[PDB]
Amino acid sequence: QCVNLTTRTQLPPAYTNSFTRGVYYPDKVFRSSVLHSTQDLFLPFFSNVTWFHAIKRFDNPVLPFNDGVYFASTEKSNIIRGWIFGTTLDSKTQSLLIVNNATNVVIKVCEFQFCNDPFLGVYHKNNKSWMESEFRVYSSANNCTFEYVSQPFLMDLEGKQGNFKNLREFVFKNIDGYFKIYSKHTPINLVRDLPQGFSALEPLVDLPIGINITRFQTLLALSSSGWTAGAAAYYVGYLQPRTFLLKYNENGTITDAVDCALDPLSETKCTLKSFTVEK
Amino acid sequence: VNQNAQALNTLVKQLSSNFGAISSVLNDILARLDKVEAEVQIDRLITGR
Amino acid sequence: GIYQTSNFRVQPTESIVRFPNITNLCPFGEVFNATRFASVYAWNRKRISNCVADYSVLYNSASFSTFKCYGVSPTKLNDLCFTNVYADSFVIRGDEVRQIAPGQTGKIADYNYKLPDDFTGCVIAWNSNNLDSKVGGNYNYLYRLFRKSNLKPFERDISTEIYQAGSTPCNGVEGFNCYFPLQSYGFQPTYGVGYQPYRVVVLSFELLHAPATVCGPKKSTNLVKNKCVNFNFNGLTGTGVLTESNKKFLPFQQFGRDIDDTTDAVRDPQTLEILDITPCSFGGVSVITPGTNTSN
Ligand SMILES: *[C@@H]1O[C@H](CO)[C@@H](O)[C@H](O)[C@H]1NC(C)=O
Ligand SMILES: *[C@@H]1O[C@H](CO)[C@@H](O)[C@H](O)[C@H]1NC(C)=O
Ligand SMILES: *[C@@H]1O[C@H](CO)[C@@H](O)[C@H](O)[C@H]1NC(C)=O
Ligand SMILES: *[C@@H]1O[C@H](CO)[C@@H](O)[C@H](O)[C@H]1NC(C)=O
Ligand SMILES: *[C@@H]1O[C@H](CO)[C@@H](O)[C@H](O)[C@H]1NC(C)=O
Ligand SMILES: *[C@@H]1O[C@H](CO)[C@@H](O)[C@H](O)[C@H]1NC(C)=O
Ligand SMILES: *[C@@H]1O[C@H](CO)[C@@H](O)[C@H](O)[C@H]1NC(C)=O
Ligand SMILES: *[C@@H]1O[C@H](CO)[C@@H](O)[C@H](O)[C@H]1NC(C)=O
């Protein structure tokens, strides 16, 4: 059950600036109205971020993985349906699969004989139905290291809203053999810009996996050459170890941050443990 | 006033340093090792403080 | 005048041992009695979670030969709740049973299994000559005889690549300064001490990052309030008075340090209540006296 696919508008990468995005709670313990200073993997402020589209046009290449990655994707009808993670993706090394079924996302840590151009084949059908008979993800599952089923959330899978209300963020830290997911969603009424402003990123789940990943690719619904898919975009940022000043609020939410290596002014802010400096 | 309150905070945060020990809480190391082997760890904390 | 002496304190009154709810026993026994034990290069891995483990059966039993705990004391090992437990199982020759120690040198301790200096777990060894020795030789077990670069702690190496002893290219299935990475253990009953096979298991663990799940005797009592008591919510012993607080934890919050390092307001097991902690009242007594020559 593999069908190749190159019905893409081949385009070179587009770029954008990652202003103040990618701030997640470092540890589970709680603090309030204090300025803790910690160093960890993050997405450095003001960095170039790779851009791909999705509608004609079809962006789905394979991108490398290293020291985590920050995946964000604006969406209407949230065409994105899953990811893949692995070193070889040929039923040779343990591979990670996260299939978000409308019903619920099931974590399949099993070696998988993938396709050369895999994707969720959900049938282009234009009669108020999207019946799926194209399970075009893998071919063989000889052994499963792990298996899990999440909460049965049913998120909206239709719409052509003028402003992409849905804006979902994720981040995928793979350290000490544990997999981590921190996510947040916010309705947005702007049209294009990777939003300017600040937010946080709560955790959702952590997994014991103990697998070696260097490569990954997203998965999404879709006939092969022919479909009715709305506008969709997703940016990818590569993480980096840095140090931060995190200003918790009395409520307990991470309200603002300051980098410790961006520019000398920020470095003095980092040293003095204050958000303001007198002359 | 700032200088005096500067000292206490620098003094208080010193209570959260390994000083070479394997932890920074006495109740922890007391409830995590037998009697004969705790003294060597506790020594490093006392001389540090 | 006035003199400052012998500061006073409130005494505590009772104890609180509220642990999380009791679940089943851990299936470690079948691990420590598995049909077969994986070889050293590809040491078997087992994860322990969602069970209650009583270490008395494992410890008091003479079923073992050599026992040693490093970061903990096995006497009170049954009173600290662990976030996770690793059950690493393999069989080696009894000669190198000292190489298991963290920061040791040796062919097994350098090439195909390494430990960190701060390995917090406990290590058990148990002689296995009768069943693991084969009258013809238990050659099922191999080992990484040579490695290009000694591996970091807890990284399994599975390649069967032919060794390169020299800079000259290695060619064919075998070649000049080419050798198989693995050499088979011989295990026969004729062997003496140190030569006979051993079943060795190590039990590392990790602390406090997430609410722990493995525990021992639970004996949760109550949530008495405004009483100087000795609380032991999960293995964080401490004293003081427990009050209700209008504070709020997000669904993934306990252990509010809340200023610098103090275990301030904390949630509880058995239920979900955001409590608070304040140490019992303290102060330094002082005696004001006229001259003892005058009056007493
Ligand atoms: C990064 O983006 C800027 C535009 O913001 C562009 O001028 C520059 O060439 C980009 N650099 C890279 C890494 O392509
Ligand atoms: C998810 O969707 C795929 C493709 O339709 C299907 O094979 C699989 O059984 C589904 N799993 C769940 C949890 O429904
Ligand atoms: C999958 O891996 C296991 C070892 O974990 C192995 O025994 C098995 O042969 C592999 N493939 C199959 C057929 O399940
Ligand atoms: C992961 O795989 C890569 C590519 O084969 C290898 O270079 C690296 O050493 C591996 N790392 C681990 C932790 O196994
Ligand atoms: C913080 O808590 C107060 C009191 O409950 C509430 O009025 C306010 O809206 C909260 N703010 C945030 C950031 O949630
Ligand atoms: C769980 O805890 C509650 C409150 O202590 C108790 O009433 C209940 O019986 C417990 N259930 C189990 C699984 O022991
Ligand atoms: C294995 O089984 C025997 C049965 O007599 C028992 O004595 C021994 O303690 C068991 N070993 C372990 C710890 O699994
Ligand atoms: C006792 O000693 C005090 C000084 O402490 C002195 O003033 C006083 O005159 C002495 N005589 C008396 C009244 O006992």
# chains A, B, ... in the order shown; residues from 1 in each chain; ligands from 1
>>> closest_atom_pairs(of="chain C", to="chain B", cutoff="8 Å", atoms="only C-alpha atoms", output="CSV")
residue,atom,partner,partner_atom,distance
C:71,CA,B:33,CA,7.1
C:72,CA,B:33,CA,5.0
C:73,CA,B:33,CA,4.6
C:75,CA,B:34,CA,7.6
C:76,CA,B:32,CA,7.7
C:77,CA,B:32,CA,7.8
C:80,CA,B:32,CA,7.9
C:236,CA,B:28,CA,7.0
C:237,CA,B:27,CA,6.2
C:238,CA,B:27,CA,7.4
C:260,CA,B:13,CA,6.8
C:261,CA,B:16,CA,6.7
>>> residues_near_ligand(ligand="ligand 8", cutoff="12 Å", atoms="only C-alpha atoms and all ligand atoms", output="PyMOL selection string")
chain C and resi 1-2+289-296
>>> write_last_selection(atoms="C-alpha atoms", output="PDB file, in the first residue's frame")
ATOM      1  CA  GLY C   1      20.982  43.312  82.835  1.00  0.00           C
ATOM      2  CA  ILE C   2      19.572  40.909  80.244  1.00  0.00           C
ATOM      3  CA  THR C 289      17.433  39.642  86.068  1.00  0.00           C
ATOM      4  CA  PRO C 290      18.696  42.137  88.703  1.00  0.00           C
ATOM      5  CA  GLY C 291      22.060  41.345  90.370  1.00  0.00           C
ATOM      6  CA  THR C 292      21.920  37.942  92.144  1.00  0.00           C
ATOM      7  CA  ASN C 293      23.620  39.776  95.084  1.00  0.00           C
ATOM      8  CA  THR C 294      20.399  41.884  95.339  1.00  0.00           C
ATOM      9  CA  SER C 295      17.504  39.453  94.599  1.00  0.00           C
ATOM     10  CA  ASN C 296      16.925  36.088  92.835  1.00  0.00           C
TER      11      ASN C 296
END
>>> atom_distance(atom1="atom CA of residue A:267", atom2="atom 12 (C, counted along the ligand's line) of ligand 1")
24.6 Å
>>> atom_distance(atom1="atom CA of residue A:104", atom2="atom CA of residue A:88")
26.6 Å
>>> residues_around(residues="residue C:95", least_positions_apart="3", cutoff="10 Å", atoms="only C-alpha atoms", output="PDB file with C-alpha atoms, in the first residue's frame")
ATOM      1  CA  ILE C  92      28.965 -12.604  32.743  1.00  0.00           C
ATOM      2  CA  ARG C  98      34.286  -5.999  40.269  1.00  0.00           C
ATOM      3  CA  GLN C  99      34.036  -4.186  36.914  1.00  0.00           C
ATOM      4  CA  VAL C 193      35.350 -19.681  41.418  1.00  0.00           C
ATOM      5  CA  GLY C 194      35.541 -16.565  39.267  1.00  0.00           C
ATOM      6  CA  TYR C 195      35.259 -18.689  36.129  1.00  0.00           C
ATOM      7  CA  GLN C 196      31.677 -19.870  36.715  1.00  0.00           C
ATOM      8  CA  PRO C 197      28.786 -17.788  35.345  1.00  0.00           C
ATOM      9  CA  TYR C 198      26.895 -15.201  37.372  1.00  0.00           C
TER      10      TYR C 198
END
>>> interface_residues(of="chain C", to="chain A", cutoff="12 Å", atoms="only C-alpha atoms", output="VMD selection string")
chain C and resid 45 to 49 83 to 86 153 to 156 158 206 208 to 211 246 to 267 274
>>> write_last_selection(atoms="C-alpha atoms", output="PDB file, in the first residue's frame")
ATOM      1  CA  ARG C  45      16.356  -4.055  29.709  1.00  0.00           C
ATOM      2  CA  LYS C  46      13.222  -4.034  31.851  1.00  0.00           C
ATOM      3  CA  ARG C  47      11.207  -1.096  33.180  1.00  0.00           C
ATOM      4  CA  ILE C  48       9.411  -1.065  36.538  1.00  0.00           C
ATOM      5  CA  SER C  49       6.426   1.203  37.162  1.00  0.00           C
ATOM      6  CA  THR C  83       9.936   7.885  40.055  1.00  0.00           C
ATOM      7  CA  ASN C  84      11.147   4.910  38.003  1.00  0.00           C
ATOM      8  CA  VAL C  85      13.171   1.717  38.359  1.00  0.00           C
ATOM      9  CA  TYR C  86      15.419   0.047  35.782  1.00  0.00           C
ATOM     10  CA  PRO C 153      27.083   5.030  30.542  1.00  0.00           C
ATOM     11  CA  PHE C 154      23.902   3.182  29.524  1.00  0.00           C
ATOM     12  CA  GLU C 155      24.372   3.049  25.739  1.00  0.00           C
ATOM     13  CA  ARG C 156      23.991  -0.408  24.212  1.00  0.00           C
ATOM     14  CA  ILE C 158      24.696  -3.845  18.812  1.00  0.00           C
ATOM     15  CA  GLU C 206      15.537   8.646  39.476  1.00  0.00           C
ATOM     16  CA  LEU C 208      11.245  13.560  42.269  1.00  0.00           C
ATOM     17  CA  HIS C 209      10.904  14.954  38.740  1.00  0.00           C
ATOM     18  CA  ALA C 210       7.363  13.548  38.478  1.00  0.00           C
ATOM     19  CA  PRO C 211       5.113  12.145  41.223  1.00  0.00           C
ATOM     20  CA  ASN C 246      -6.084  30.004  48.483  1.00  0.00           C
ATOM     21  CA  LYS C 247      -3.109  29.192  46.293  1.00  0.00           C
ATOM     22  CA  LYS C 248      -3.665  27.471  42.945  1.00  0.00           C
ATOM     23  CA  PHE C 249      -1.661  24.741  41.211  1.00  0.00           C
ATOM     24  CA  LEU C 250      -1.985  24.016  37.525  1.00  0.00           C
ATOM     25  CA  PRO C 251      -2.909  20.344  36.954  1.00  0.00           C
ATOM     26  CA  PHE C 252       0.813  19.443  37.028  1.00  0.00           C
ATOM     27  CA  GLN C 253       2.085  21.282  40.117  1.00  0.00           C
ATOM     28  CA  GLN C 254       3.273  20.288  43.558  1.00  0.00           C
ATOM     29  CA  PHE C 255       6.387  21.275  45.491  1.00  0.00           C
ATOM     30  CA  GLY C 256       6.004  25.029  45.482  1.00  0.00           C
ATOM     31  CA  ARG C 257       9.400  26.401  46.463  1.00  0.00           C
ATOM     32  CA  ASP C 258       7.764  29.810  46.091  1.00  0.00           C
ATOM     33  CA  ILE C 259      10.710  31.904  47.187  1.00  0.00           C
ATOM     34  CA  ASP C 260      14.189  30.330  47.125  1.00  0.00           C
ATOM     35  CA  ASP C 261      14.431  26.665  48.160  1.00  0.00           C
ATOM     36  CA  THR C 262      11.780  25.960  50.825  1.00  0.00           C
ATOM     37  CA  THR C 263       9.160  23.250  50.304  1.00  0.00           C
ATOM     38  CA  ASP C 264       6.274  25.686  50.724  1.00  0.00           C
ATOM     39  CA  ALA C 265       2.607  24.952  49.903  1.00  0.00           C
ATOM     40  CA  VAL C 266       2.351  21.467  48.418  1.00  0.00           C
ATOM     41  CA  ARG C 267      -0.441  19.232  47.132  1.00  0.00           C
ATOM     42  CA  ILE C 274      -3.398  22.366  47.638  1.00  0.00           C
TER      43      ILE C 274
END
>>> residues_around(residues="residue A:190", least_positions_apart="5", cutoff="8 Å", atoms="only C-alpha atoms", output="ChimeraX atom specification")
/A:163-164,195
>>> write_last_selection(atoms="N, CA and C atoms", output="PDB file, in the first residue's frame")
ATOM      1  N   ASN A 163      -9.745  34.159   8.400  1.00  0.00           N
ATOM      2  CA  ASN A 163      -8.578  34.190   9.270  1.00  0.00           C
ATOM      3  C   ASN A 163      -8.392  32.809   9.881  1.00  0.00           C
ATOM      4  N   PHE A 164      -7.164  32.299   9.835  1.00  0.00           N
ATOM      5  CA  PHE A 164      -6.907  30.976  10.384  1.00  0.00           C
ATOM      6  C   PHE A 164      -6.998  31.036  11.901  1.00  0.00           C
ATOM      7  N   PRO A 195       2.860  35.137  14.839  1.00  0.00           N
ATOM      8  CA  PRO A 195       2.378  36.240  15.679  1.00  0.00           C
ATOM      9  C   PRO A 195       3.475  36.840  16.544  1.00  0.00           C
TER      10      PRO A 195
END
>>> residues_around(residues="residue B:19", least_positions_apart="2", cutoff="12 Å", atoms="only C-alpha atoms", output="PyMOL selection string")
chain B and resi 14-17+21-25+41-49
>>> write_last_selection(atoms="C-alpha atoms", output="PDB file, in the first residue's frame")
ATOM      1  CA  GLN B  14      23.902  29.493  50.311  1.00  0.00           C
ATOM      2  CA  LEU B  15      21.558  26.964  51.955  1.00  0.00           C
ATOM      3  CA  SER B  16      20.980  25.366  48.549  1.00  0.00           C
ATOM      4  CA  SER B  17      24.488  24.369  47.471  1.00  0.00           C
ATOM      5  CA  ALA B  21      28.018  16.766  49.058  1.00  0.00           C
ATOM      6  CA  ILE B  22      25.497  14.562  47.244  1.00  0.00           C
ATOM      7  CA  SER B  23      22.481  16.710  48.133  1.00  0.00           C
ATOM      8  CA  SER B  24      21.545  19.968  49.838  1.00  0.00           C
ATOM      9  CA  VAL B  25      18.888  18.879  52.375  1.00  0.00           C
ATOM     10  CA  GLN B  41      28.666  13.599  53.588  1.00  0.00           C
ATOM     11  CA  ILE B  42      27.320  15.778  56.406  1.00  0.00           C
ATOM     12  CA  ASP B  43      30.838  16.995  57.205  1.00  0.00           C
ATOM     13  CA  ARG B  44      31.166  18.630  53.787  1.00  0.00           C
ATOM     14  CA  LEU B  45      27.926  20.532  54.393  1.00  0.00           C
ATOM     15  CA  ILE B  46      28.853  21.833  57.851  1.00  0.00           C
ATOM     16  CA  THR B  47      32.289  23.144  56.892  1.00  0.00           C
ATOM     17  CA  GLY B  48      30.659  24.740  53.867  1.00  0.00           C
ATOM     18  CA  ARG B  49      27.985  26.526  55.875  1.00  0.00           C
TER      19      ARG B  49
END
>>> residues_near_ligand(ligand="ligand 4", cutoff="12 Å", atoms="only C-alpha atoms and all ligand atoms", output="ChimeraX atom specification")
/A:64-67,86-88,92-94,174-177,210-215 /C:149,151-159
>>> write_last_selection(atoms="C-alpha atoms", output="PDB file, in the first residue's frame")
ATOM      1  CA  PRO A  64      16.623  16.191   9.979  1.00  0.00           C
ATOM      2  CA  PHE A  65      16.250  16.052  13.752  1.00  0.00           C
ATOM      3  CA  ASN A  66      18.848  17.075  16.337  1.00  0.00           C
ATOM      4  CA  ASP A  67      18.657  18.392  19.922  1.00  0.00           C
ATOM      5  CA  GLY A  86      13.373   7.546  13.048  1.00  0.00           C
ATOM      6  CA  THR A  87      16.937   7.014  11.911  1.00  0.00           C
ATOM      7  CA  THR A  88      16.313   4.802   8.859  1.00  0.00           C
ATOM      8  CA  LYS A  92      15.535  -1.571  10.355  1.00  0.00           C
ATOM      9  CA  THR A  93      15.841   0.665  13.450  1.00  0.00           C
ATOM     10  CA  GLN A  94      13.183   1.454  16.104  1.00  0.00           C
ATOM     11  CA  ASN A 174      14.320  13.934  23.089  1.00  0.00           C
ATOM     12  CA  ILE A 175      16.837  13.758  25.947  1.00  0.00           C
ATOM     13  CA  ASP A 176      17.902  11.207  28.591  1.00  0.00           C
ATOM     14  CA  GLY A 177      15.880   8.678  26.612  1.00  0.00           C
ATOM     15  CA  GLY A 210      15.235   5.063  24.653  1.00  0.00           C
ATOM     16  CA  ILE A 211      15.512   5.396  20.866  1.00  0.00           C
ATOM     17  CA  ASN A 212      17.924   7.256  18.583  1.00  0.00           C
ATOM     18  CA  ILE A 213      16.264   9.771  16.241  1.00  0.00           C
ATOM     19  CA  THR A 214      18.008  12.045  13.744  1.00  0.00           C
ATOM     20  CA  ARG A 215      15.294  12.469  11.094  1.00  0.00           C
TER      21      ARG A 215
ATOM     22  CA  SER C 149      35.652   4.248  21.397  1.00  0.00           C
ATOM     23  CA  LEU C 151      30.881   3.875  25.299  1.00  0.00           C
ATOM     24  CA  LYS C 152      29.098   6.335  27.566  1.00  0.00           C
ATOM     25  CA  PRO C 153      27.083   5.030  30.542  1.00  0.00           C
ATOM     26  CA  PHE C 154      23.902   3.182  29.524  1.00  0.00           C
ATOM     27  CA  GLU C 155      24.372   3.049  25.739  1.00  0.00           C
ATOM     28  CA  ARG C 156      23.991  -0.408  24.212  1.00  0.00           C
ATOM     29  CA  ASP C 157      26.137  -1.249  21.182  1.00  0.00           C
ATOM     30  CA  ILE C 158      24.696  -3.845  18.812  1.00  0.00           C
ATOM     31  CA  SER C 159      26.830  -3.702  15.650  1.00  0.00           C
TER      32      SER C 159
END
>>> residues_near_ligand(ligand="ligand 7", cutoff="7 Å", atoms="only C-alpha atoms and all ligand atoms", output="ChimeraX atom specification")
/C:28-33,58,61,63
>>> closest_atom_pairs(of="chain A", to="ligand 1", cutoff="6 Å", atoms="only C-alpha atoms and all ligand atoms", output="tab-separated table")
residue	atom	partner	partner_atom_place_in_ligand_line	distance
A:15	CA	ligand 1	2 (O)	5.8
A:16	CA	ligand 1	5 (O)	5.9
A:48	CA	ligand 1	1 (C)	4.9
>>> select_by_dssp(residues="chain B", states="helix (DSSP H, G or I)", output="VMD selection string")
chain B and resid 2 to 16 26 to 30 35 to 48
>>> residues_near_ligand(ligand="ligand 6", cutoff="12 Å", atoms="only C-alpha atoms and all ligand atoms", output="short mmCIF file (atom, residue, chain, number, x, y, z; two decimals) with N, CA and C atoms, in the first residue's frame")
data_model
loop_
_atom_site.label_atom_id
_atom_site.label_comp_id
_atom_site.auth_asym_id
_atom_site.auth_seq_id
_atom_site.Cartn_x
_atom_site.Cartn_y
_atom_site.Cartn_z
N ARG C 18 1.12 10.16 54.71
CA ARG C 18 0.19 10.01 53.59
C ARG C 18 0.94 9.70 52.31
N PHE C 19 0.94 8.43 51.91
CA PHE C 19 1.46 7.92 50.65
C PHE C 19 0.34 7.79 49.62
N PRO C 20 0.63 7.66 48.29
CA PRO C 20 -0.44 7.39 47.31
C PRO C 20 -1.04 5.98 47.43
N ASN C 21 -2.11 5.73 46.66
CA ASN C 21 -2.98 4.54 46.87
C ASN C 21 -2.22 3.25 46.55
N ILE C 22 -2.58 2.16 47.24
CA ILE C 22 -1.85 0.87 47.12
C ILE C 22 -2.26 0.17 45.81
N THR C 23 -1.27 -0.30 45.05
CA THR C 23 -1.46 -1.08 43.83
C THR C 23 -0.82 -2.45 44.07
N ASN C 24 -0.60 -3.20 42.99
CA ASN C 24 -0.14 -4.58 43.11
C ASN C 24 1.36 -4.61 43.43
N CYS C 51 3.61 -0.21 40.25
CA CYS C 51 3.54 -1.32 41.18
C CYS C 51 4.13 -0.89 42.51
N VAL C 52 3.84 -1.68 43.54
CA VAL C 52 4.36 -1.45 44.88
C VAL C 52 5.40 -2.53 45.18
N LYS C 218 2.52 1.75 53.10
CA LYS C 218 1.84 3.01 52.79
C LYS C 218 1.39 3.72 54.07
N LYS C 219 0.49 3.09 54.83
CA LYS C 219 0.11 3.54 56.17
C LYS C 219 -0.23 5.03 56.22
N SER C 220 -1.00 5.48 55.23
CA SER C 220 -1.51 6.85 55.26
C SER C 220 -2.48 7.01 56.42
N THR C 221 -2.42 8.15 57.10
CA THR C 221 -3.20 8.33 58.32
C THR C 221 -4.30 9.38 58.19
N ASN C 222 -3.94 10.64 57.93
CA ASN C 222 -4.94 11.71 57.87
C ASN C 222 -4.34 13.03 57.42
N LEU C 223 -5.14 14.09 57.44
CA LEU C 223 -4.73 15.44 57.07
C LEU C 223 -5.04 16.42 58.19
N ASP C 268 -1.08 16.95 47.72
CA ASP C 268 -1.02 15.73 48.50
C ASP C 268 -1.36 14.54 47.61
N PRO C 269 -0.96 13.34 48.02
CA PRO C 269 -1.52 12.14 47.38
C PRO C 269 -2.82 11.71 48.03
N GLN C 270 -3.39 10.61 47.54
CA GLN C 270 -4.66 10.02 47.98
C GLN C 270 -5.85 10.86 47.56
N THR C 271 -5.60 12.10 47.15
CA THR C 271 -6.60 13.14 46.87
C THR C 271 -5.88 14.27 46.15
N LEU C 272 -6.58 15.39 45.95
CA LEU C 272 -6.02 16.57 45.30
C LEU C 272 -6.41 17.79 46.13
#
>>> decode(residues="stretch 5-28 of chain B", atoms="N, CA and C atoms", output="tab-separated table (two decimals), in the first residue's frame")
chain	number	residue	atom	x	y	z
B	5	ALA	N	20.06	44.10	53.21
B	5	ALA	CA	19.19	43.09	52.62
B	5	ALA	C	19.88	42.32	51.51
B	6	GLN	N	20.95	42.88	50.94
B	6	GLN	CA	21.73	42.13	49.96
B	6	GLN	C	22.47	40.98	50.62
B	7	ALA	N	22.94	41.18	51.85
B	7	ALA	CA	23.71	40.14	52.53
B	7	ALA	C	22.84	38.93	52.85
B	8	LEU	N	21.65	39.16	53.41
B	8	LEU	CA	20.81	38.05	53.84
B	8	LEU	C	20.45	37.14	52.67
B	9	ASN	N	20.05	37.73	51.54
B	9	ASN	CA	19.70	36.91	50.39
B	9	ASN	C	20.89	36.11	49.90
B	10	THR	N	22.06	36.74	49.82
B	10	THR	CA	23.27	35.98	49.53
B	10	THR	C	23.54	34.93	50.60
B	11	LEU	N	23.19	35.23	51.85
B	11	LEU	CA	23.36	34.24	52.90
B	11	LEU	C	22.35	33.11	52.77
B	12	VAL	N	21.09	33.45	52.47
B	12	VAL	CA	20.04	32.44	52.45
B	12	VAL	C	20.25	31.46	51.30
B	13	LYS	N	20.53	31.98	50.10
B	13	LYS	CA	20.72	31.09	48.96
B	13	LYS	C	21.89	30.13	49.14
B	14	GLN	N	22.82	30.43	50.04
B	14	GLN	CA	23.90	29.49	50.31
B	14	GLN	C	23.39	28.18	50.87
B	15	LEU	N	22.17	28.17	51.40
B	15	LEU	CA	21.56	26.96	51.96
B	15	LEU	C	21.12	26.00	50.91
B	16	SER	N	21.42	26.23	49.64
B	16	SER	CA	20.98	25.37	48.55
B	16	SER	C	22.15	25.05	47.63
B	17	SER	N	23.28	24.68	48.22
B	17	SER	CA	24.49	24.37	47.47
B	17	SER	C	25.07	23.07	47.99
B	18	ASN	N	25.48	22.19	47.07
B	18	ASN	CA	25.99	20.88	47.47
B	18	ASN	C	27.26	21.00	48.30
B	19	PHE	N	28.06	22.04	48.06
B	19	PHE	CA	29.35	22.22	48.72
B	19	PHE	C	30.25	21.01	48.53
B	20	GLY	N	29.95	20.18	47.53
B	20	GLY	CA	30.63	18.93	47.33
B	20	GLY	C	29.88	17.71	47.81
B	21	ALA	N	28.81	17.89	48.59
B	21	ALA	CA	28.02	16.77	49.06
B	21	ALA	C	27.15	16.22	47.92
B	22	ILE	N	26.35	15.20	48.24
B	22	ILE	CA	25.50	14.56	47.24
B	22	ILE	C	24.08	15.11	47.25
B	23	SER	N	23.79	16.07	48.12
B	23	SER	CA	22.48	16.71	48.13
B	23	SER	C	22.63	18.07	48.81
B	24	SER	N	21.51	18.70	49.13
B	24	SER	CA	21.55	19.97	49.84
B	24	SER	C	20.49	20.05	50.93
B	25	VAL	N	19.89	18.93	51.32
B	25	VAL	CA	18.89	18.88	52.37
B	25	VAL	C	19.30	17.80	53.36
B	26	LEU	N	19.39	18.17	54.64
B	26	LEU	CA	19.81	17.20	55.65
B	26	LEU	C	18.77	16.09	55.82
B	27	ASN	N	17.49	16.45	55.85
B	27	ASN	CA	16.45	15.44	55.98
B	27	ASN	C	16.52	14.43	54.84
B	28	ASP	N	16.88	14.88	53.64
B	28	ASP	CA	17.08	13.99	52.52
B	28	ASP	C	18.19	12.99	52.84
